[PDB]
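So you can see what is in the structure, the chains are spelled out below.
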Amino acid sequence: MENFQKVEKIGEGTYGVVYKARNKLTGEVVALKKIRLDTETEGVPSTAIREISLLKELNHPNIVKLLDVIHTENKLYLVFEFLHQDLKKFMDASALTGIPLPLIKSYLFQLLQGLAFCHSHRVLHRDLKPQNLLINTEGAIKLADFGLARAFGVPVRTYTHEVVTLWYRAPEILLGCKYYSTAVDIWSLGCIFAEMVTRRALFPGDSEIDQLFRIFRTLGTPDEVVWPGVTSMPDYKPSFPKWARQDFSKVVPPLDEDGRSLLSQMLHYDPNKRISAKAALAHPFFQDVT
Amino acid sequence: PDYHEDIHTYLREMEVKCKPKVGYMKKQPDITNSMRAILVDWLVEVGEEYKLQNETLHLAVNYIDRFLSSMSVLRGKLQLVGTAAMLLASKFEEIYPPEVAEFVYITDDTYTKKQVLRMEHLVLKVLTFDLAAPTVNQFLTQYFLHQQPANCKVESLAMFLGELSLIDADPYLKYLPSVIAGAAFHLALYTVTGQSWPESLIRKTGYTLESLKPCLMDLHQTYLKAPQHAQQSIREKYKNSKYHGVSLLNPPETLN
Ligand SMILES: CC[C@H](CO)Nc1nc(NCc2ccc(O)cc2)c(N=O)c(NC(C)C)n1
Ligand code: NA
Ligand code: NA
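Residues numbered from 1 in each chain as written, not as in the entry; some residues may be left out. Chains lettered and ligands numbered in written order. Heavy atoms only, no water.

Looking at the entry header, you'll see X-ray crystallography listed as the method and 2.2000 Å as the resolution.

See below:
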């Protein structure tokens, strides 16, 4: 680590600290993810073990590139490529005028390519949100932060329940389904799609119950017809208010028919019928992507 | 469905790459297949004591064989390797991995916490953090989808047979996980229902009964001779009703 100079604190991740840094010999700009091992006394954390192992299996233009892992007796550094901006910050800087529609389509297309690849290599990301999506000056967008990720099986077993940041969390998680899978990632991308178009979070809940009710108010409270088994789910309550589905031209006003159709399929309640990353790429919405 | 085919394709590709060197034990000066078998059988019991998944056990065995493919270990350190491997596999695979102190405890203080953690670092270094390995179990659960409705006895017996293969480096290190799984599933299907390796799986995998035959010949023998094997923890495990007592069922005498 002698050869890296720290330039600035980027932030805190799923664990540890991120720095922008420069290789003092080559000039190469990187992002360093530091993990202090002595302050856990349980060894290398699972978050780190999974991020590293799964990233070495995920080489793709829309997945952030892990360059090296430097493993001291005292510390552990993941060395990644550096990208200059995250999507959350880009949305804030475009908060008035909007992100132009072709760039929103381009970014969604790229995010889906990255995600289809993850799912094709049996990886669930489980923390898709604008803060974890990184953009370079070339117009590329990349999935980042695989610390909450996990390698899944066919078919799936029960996995960790405390997953996905609240605003981006799928209804099958909130309602406590025994099984979840790739669909939870699609839900998150659907929320991100809509957030790019409207310039604000689609479902900004402050609790699990508040989150559910915001989803219900927009999409309609689900019943046995739209989602078989829903009223029997662990955290489903018969007292839940019955709201009617809002017309998608109030939910996402700037979008054409194709856009609205793709969003509705990404936010489909029944995870079995929610569109796949692969099928989403073949949606008519993308026939003119650049 | 979209990506189920792709996952299968991708795992078939990684099982070649995450294979250990077949004859590594010849090149180990102080340790043998017999000591390896003792270690794996002990890991089965650790898995039972901590109610760990079968996938975790299978991943641990992968890690151990890979490590011993490139590193010389004295016999009194072989258990330390196995402990660190089981810890790593637990972190990868489990929702609630046991803590390091519990792992020290099941070695009966043969090692310290410090030793287990330093070995964890060394195993990670030697395997270059490549822990997402295909296992027999990952192929089995896919193969099981091609019997509808699921026969829980077949599934438990197939798992049992796949687990026994972990115990004996000779001959099972020369087969790939997808092949062992295929043999295991045919054998389990045949024992319980009289059915064979289905047409749908010949299409999915590209394996015929005849390509499975050499592994199936070995696995039949291992099954027949299981009650007399020196290692017995797997047989004991699979007596429980959780696994429909399938280790008590009589192996077929011939396969035709
Ligand atoms: C806060 C942690 C996240 C990681 O999801 N932010 C982030 N931002 C990154 N860049 C956007 C950014 C750049 C400069 C800043 O001052 C702030 C954000 C970034 N660069 O690659 C990066 N790299 C990870 C792969 C470790 N991580
Ligand atoms: Na719906
Ligand atoms: Na030897």
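1. A short note on the overall build of chain B
To be explicit about the condition: Comment: elements are numbered from the N terminus, with helices defined as DSSP H or I runs of at least four residues and strands as E runs of at least two. C-alpha atoms define the radius of gyration in this analysis, and the globule rule sets the expected value at 2.2 Å times the number of residues to the power 0.38. Partly exposed describes any residue whose relative accessible area lies between the buried limit of under 20% and the exposed limit of over 50%, with all areas from a 1.4 Å probe on protein chains only and scaled to the type maximum. Charged residues are defined here as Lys and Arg on the positive side and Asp and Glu on the negative side; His and the ends of the chain fall outside this count. Charge placement uses NZ in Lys and CZ in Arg. For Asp and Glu, CG and CD serve respectively.
Helix and strand content of chain B: 13 helices and zero strands. Along chain B, helices (α) and strands (β) appear in the sequence α-α-α-α-α-α-α-α-α-α-α-α-α when read from the amino end. Scaling as 2.2 N^0.38, a compact globule of 256 residues should have a C-alpha radius of gyration of about 18 Å, and chain B matches this with 18 Å. If you line up chain B on its principal axes, its C-alpha atoms span 50 × 40 × 35 Å. Looking at the 256 residues of chain B, the share that counts as buried comes to 57%. Side chains of chain B give 26 positive and 29 negative charges; the mean places of these two sets differ by 6 Å.

2. Some details on the domain arrangement of chain B
Residue and element names in this part refer to chain B. Stated precisely, the cut-off is as follows: Bear in mind that the domain bounds are from an automatic or database domain assignment. Joining two parts hides part of their accessible area as seen by a 1.4 Å probe, and the buried area is that hidden amount summed over both. We count a salt bridge whenever a side-chain nitrogen from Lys or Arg sits within 4 Å of a carboxyl oxygen from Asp or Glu.
Domain parsing of chain B yields domain 1 (6-19 + 133-256) and domain 2 (20-132). Taken together, the two surfaces of domain 1 and domain 2 that pack against each other cover about 2200 Å², and 56% of this comes from carbon and sulfur. Counting the surface domain 1 buries against domain 2, the share from its top three residues, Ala133, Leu166 and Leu173, is 29%. Linking domain 1 with domain 2 are zero salt bridges.

3. Description of the sheet that holds strand 3 (residues 29-36) of chain A
All names here are of chain A. Test applied: Think of it this way: DSSP has to see at least two bridges between two strands before they count as a pair. Here an axis means a line fitted to C-alpha atoms, over the contact stretch when the element is a helix, while the angle between two N-to-C directions is reported on a 0 to 180 degree scale. Residue contacts are counted whenever heavy atoms from the two residues lie within 4.5 Å of one another.
In space, the five strands of this open sheet follow the order 1-2-3-5-4, with antiparallel pairing throughout. One side of each edge strand has no neighbouring strand; the edge strands of this open sheet are strand 1 (4-12) and strand 4 (66-71). Adjacent strand axes in the sheet meet at a mean angle of 25°, parallel and antiparallel pairs treated alike. With seven bridges connecting them, strand 1 and strand 2 (residues 17-23) associate as antiparallel partners. Bridge assignment links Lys6 to a residue of strand 2, and that residue is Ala21. Contacts from helix 1 (residues 46-56) reach strand 3, strand 4 and strand 5 (75-81), with the element oriented near 35° to strand 5.

4. Focus: the interface of chain B and chain A
The partner chain A presents 34 residues to the 31 residues of chain B that form the contact. Summed over both sides, the interface of chain B with chain A buries roughly 3000 Å², with 56% coming from carbon and sulfur. If you look at where chain B meets chain A, you find four salt bridges. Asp130 of chain B is paired through a salt bridge with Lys56 of chain A; the nearest N and O atoms lie 3.2 Å apart.

5. Overview of the coordination of the sodium ion (ligand 3)
Six octahedrally arranged donors around a metal ideally form angles of 90 or 180 degrees; four tetrahedrally arranged donors ideally form angles of 109.5 degrees. Residue and element names in this part refer to chain B. Inclusion rule: Nitrogen, oxygen and sulfur within 2.8 Å of a metal are treated as its donors, or within 3.2 Å for sodium, potassium and calcium (Na, K, Ca); water is not counted, so a site can appear incomplete.
Distances from the sodium ion (ligand 3) to its protein donors, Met25 (O), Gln28 (O) and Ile31 (O), fall at 2.5 to 2.7 Å. Donor residues binding the sodium ion (ligand 3) come from one chain and are separated in sequence as M-x2-Q-x2-I. The same class applies to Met25 as to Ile31, namely buried.

6. Quick word on the domain arrangement of chain A
All names here are of chain A. Partitioning chain A into structural domains gives domain 1 (8-81) and domain 2 (85-287). With centres defined by C-alpha atoms, the gap from domain 1 to domain 2 works out at 27 Å. If you look at the interface, domain 1 gives 18 residues, while domain 2 gives 22 residues. For the domain 1 and domain 2 pair, buried surface summed over both sides reaches about 1600 Å², with 58% attributable to carbon and sulfur atoms. Summed over the three residues of domain 1 that lose the most area to domain 2, namely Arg50, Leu54 and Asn62, the buried surface amounts to 34% of that side.

7. Section: the site of ligand 1
Residue and element names in this part refer to chain A. This is how the line gets drawn: If a single non-hydrogen atom of a residue is within 4 Å of a molecule or strand, that residue counts as near it. In protein, a polar contact requires one atom able to donate a hydrogen and another able to accept it; more generally it is a pair of N or O atoms within 3.5 Å, and residues adjacent in sequence count only if both atoms are side-chain atoms. Surface accessibility follows the Shrake-Rupley procedure with a 1.4 Å probe radius. Residue values consider only the protein chains on display as shielding. Any residue that is not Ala, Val, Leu, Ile, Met, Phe, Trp, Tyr, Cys, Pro, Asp, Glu, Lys or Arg is counted as polar, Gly included; the first ten are nonpolar and the last four charged.
Neighbouring ligand 1 are 18 residues; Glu8, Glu81, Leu83, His84 and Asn132 lie closest to it. A distance of 3.0 Å separates a nitrogen atom of ligand 1 from a polar backbone atom of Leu83. In this structure, an oxygen atom belonging to ligand 1 sits 3.0 Å away from a side-chain N or O atom of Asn132. About the coverage of ligand 1: the protein hides 90% of its 600 Å² of free accessible area. Contributing elements (two or more residues each) for the shell around ligand 1: strand 1, strand 5 and strand 6 (85-86). In terms of residues, the shell around ligand 1 owes the most to one element, strand 1, which gives three residues. Partitioning the shell around ligand 1 into residue classes produces eight nonpolar, four polar and six charged. Counting contributing residues per domain, the shell around ligand 1 is built from domain 1 (8-81) and domain 2 (85-287), each supplying no fewer than three.

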